[PDB]
Amino acid sequence: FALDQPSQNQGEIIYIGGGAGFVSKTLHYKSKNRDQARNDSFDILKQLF
RNA sequence: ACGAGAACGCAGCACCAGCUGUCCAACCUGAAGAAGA
């Protein structure tokens, strides 16, 4: 209902634990472009499911 | 009727005394329960 999600506060956000998403598991989209990172993600996830 | 006969190379005696199989050394290195249940 709120989804405030405080942001830009000196980077104080950590996805600690699990059962949240597959983005925190695979690390290639922090050094690519949105279309390019999603293309690489599609290439690597074609082998899964 | 032998340069002969008779005659134990034998008796006593600890291969023993002292001496750390010790000294140094990490079972140690590298490694998400996620993911479309």
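Chain by chain, residues are numbered from 1 following the written sequence, and this numbering need not agree with the entry; no residue without coordinates is displayed. Key to labels: chains lettered from A, ligands numbered from 1, both in the order written. Here we see some chains out of a larger assembly; the values all refer to those chains and nothing more. Side-chain descriptors were evaluated using all non-hydrogen atoms of the structure, hydrogens and water having been removed beforehand. Residues with missing side-chain atoms are left out of burial classes, side-chain pairs and their counts.

In the PDB archive, cryo-EM is given as the structure determination method for this entry, at a resolution of 2.79 Å.

As annotated in the PDB entry, chain A carries the name CRISPR system Cms protein Csm5 and is attributed to Lactococcus lactis subsp. lactis. The title given for this PDB entry is "Cryo-EM structure of the active Lactococcus lactis Csm bound to target in pre-cleavage stage".

Glancing now at the overall build of chain A. Strands here are runs of E lasting at least two residues and helices are runs of H or I lasting at least four, both read from the DSSP assignment and numbered beginning at the N terminus. If you tally the helices and strands in chain A, you get one helix and zero strands. Overall, the C-alpha framework of chain A stretches about 35 × 25 × 20 Å when taken along its three principal axes.

The nearness test applies per residue and asks whether one of its heavy atoms lies within 4 Å of the molecule or strand. Lining the immediate environment of RNA strand B, one finds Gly17, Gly18, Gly19, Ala20, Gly21, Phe22, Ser24, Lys25 and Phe49. With respect to RNA strand B, the backbone of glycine 21 contributes an N or O atom lying 2.9 Å from a phosphate oxygen. Amino acids are sorted into nonpolar (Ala, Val, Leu, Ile, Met, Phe, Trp, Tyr, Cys and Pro), charged (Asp, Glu, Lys and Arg) and polar (every other residue, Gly among them). Among the residues forming the surface near RNA strand B, the class breakdown is three nonpolar, five polar and one charged. Whenever two N or O atoms come within 3.5 Å, that pair is a polar contact, provided that in protein one can donate a hydrogen and the other can accept it, and provided that, for residues adjacent in sequence, both atoms are side-chain atoms.

On to unusual backbone geometry. You will see that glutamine 5, though not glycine, has its phi angle at about 50 degrees, which is positive. As for its position among the elements, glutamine 5 is in the segment before α1 (34-45). Backbone geometry at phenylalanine 49 places phi at a positive 65 degrees, although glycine is not the residue there. Relative to the assigned elements, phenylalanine 49 resides in the segment after α1.

Structurally, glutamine 8 is set in the segment before α1. Burial classification: accessible surface area is computed with a 1.4 Å probe over protein chains only, and a residue below 20% of its type maximum counts as buried, one above 50% as exposed, and the rest as partly exposed. Assessed through its relative accessible area of 77%, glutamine 8 is described here as exposed. In this structure the side chain of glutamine 8 is engaged in a polar contact, spanning 3.4 Å, whose partner is the side chain of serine 7.

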